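Quick setup: the structure tokens below cover two forms of a single protein chain, split into structure 1 and structure 2.
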Structure 1
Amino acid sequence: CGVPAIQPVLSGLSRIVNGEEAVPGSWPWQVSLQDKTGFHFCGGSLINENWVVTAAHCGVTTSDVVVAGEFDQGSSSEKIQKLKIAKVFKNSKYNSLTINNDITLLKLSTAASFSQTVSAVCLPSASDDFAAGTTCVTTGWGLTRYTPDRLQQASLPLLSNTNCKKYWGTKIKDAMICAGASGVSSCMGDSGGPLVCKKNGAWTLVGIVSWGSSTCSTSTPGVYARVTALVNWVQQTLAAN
């Protein structure tokens, strides 16, 4: 997991304004969630050939579908895999008013076929520490909510929850983590999309997109579900099903 067959390239422009375009196929766990009509409404991450993780406020159902191996949403020429959803597992502790514990798992009807452009992100262990100030990366097609149709990427630093409350106040709970406010926006992340950090030569999922600045301000950070706080529920669900 976490070692793309096609290595990412991140330059100085990933750190300012709205980030930069990714090298095609270099984020191979990134998937798109689409409704029965093909409309993209959220993102997510592959964790093995049978399972995808996303946000609970996305409200996914078994009539939505997972699209793997995509780079350009406007192209019909690249190889992709459209995968049906057998069952949806929403975390029972999710709360639609506070948006805390914002995670859902999707079990696929038939496995994805892994390749150079389709493979899994690594999950953290519950006790991993990702320190404030660490440079991490968010990817997605989130800018298309307001524009480039190819996958974008931005490098931005994690914040402490105390510093995040200087921006968002009592909205910030223990199962959340924030990143950004460094001269770059967080809006390229789709709801439910990945925030990954590189440790020991492997990329690991640290956050899941929950919400960001309503004006995509370069001085307001994004808010993510904290995966370390939820990975135990993830592994219990996989083992029981």
Structure 2
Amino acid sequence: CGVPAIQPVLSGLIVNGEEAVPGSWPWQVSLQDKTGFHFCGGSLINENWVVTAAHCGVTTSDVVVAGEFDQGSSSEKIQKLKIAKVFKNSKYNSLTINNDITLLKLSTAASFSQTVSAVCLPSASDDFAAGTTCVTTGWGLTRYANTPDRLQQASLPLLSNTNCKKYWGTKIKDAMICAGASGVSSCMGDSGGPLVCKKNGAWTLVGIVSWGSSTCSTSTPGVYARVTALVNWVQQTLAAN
């Protein structure tokens, strides 16, 4: 988990981001409705499960697209995987967006390869410190059809919750982690996607793109669901199903 067979080039080659090297963020998936409209992103955590944001409203009528979707060679190696069951975290708060996570169990396992693999999940006790340079990816809006522009990537730092509250105040809950405000930003269409940070060489899901500036301002930090706070629920769900 957390190790692309095809290494990302972090300098690059989301607002103010860059195109990823094709196939370099394996776990990144596109959630699309039947008509084929990409509406949120997600991350493969193993061959049978995808983790995304609860506010995205995914249902079994939606499909998970894994692979080199729209990214550099575009329409390339891809797998459209239907969804068998949706597991929304019962602690989801539709008003504050707290505990923004949902698990998707596929009906058909994804076929792993050079271009499709899993992101690593952190342990609940893991410490991802303020200041750490992490990466966020997605096909989301590049300015507040959006056929996705080509998969983008952006390097950005984690913020401490107190530093995040200087911008966002009380909207910031324990289960949220902010990142950015550094010249780049996640944006609409990127929700459910990953915020990854390298721990001992493995890219680990520290956050799930959740919400932020309506404007996707590059000087306001984005808010992500804090996976460390939600991972125990993830483990229980997987063990139960």
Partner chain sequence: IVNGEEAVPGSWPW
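When a residue number appears, read it as a position in the sequence of structure 1, where counting begins at 1. Between two forms, the rigid core is defined as the largest C-alpha subset superposing within 1.5 Å. Residues that one form lacks are left out of the comparison.
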Given these two structures of one chain, say which is the form deposited with the partner chain bound.
2
Rigid-core-referenced C-alpha movement of 2 Å or more between structure 1 and structure 2, selected from 77, 127, 170, 92:
77
Indicate whether residue 185 shows a C-alpha shift of 2 Å or more between structure 1 and structure 2, with the rigid core used for the fit.
yes
Quote the shift of the Cα of residue 53 between structure 1 and structure 2 to one decimal place in Å, the two forms being superposed on the rigid core.
0.2
Name, in sequence order, the runs of three or more consecutive residues whose C-alphas all shift 2 Å or more between structure 1 and structure 2, counting only residues present in both forms and superposing on the rigid core.
73 to 77, 143 to 146, 183 to 189
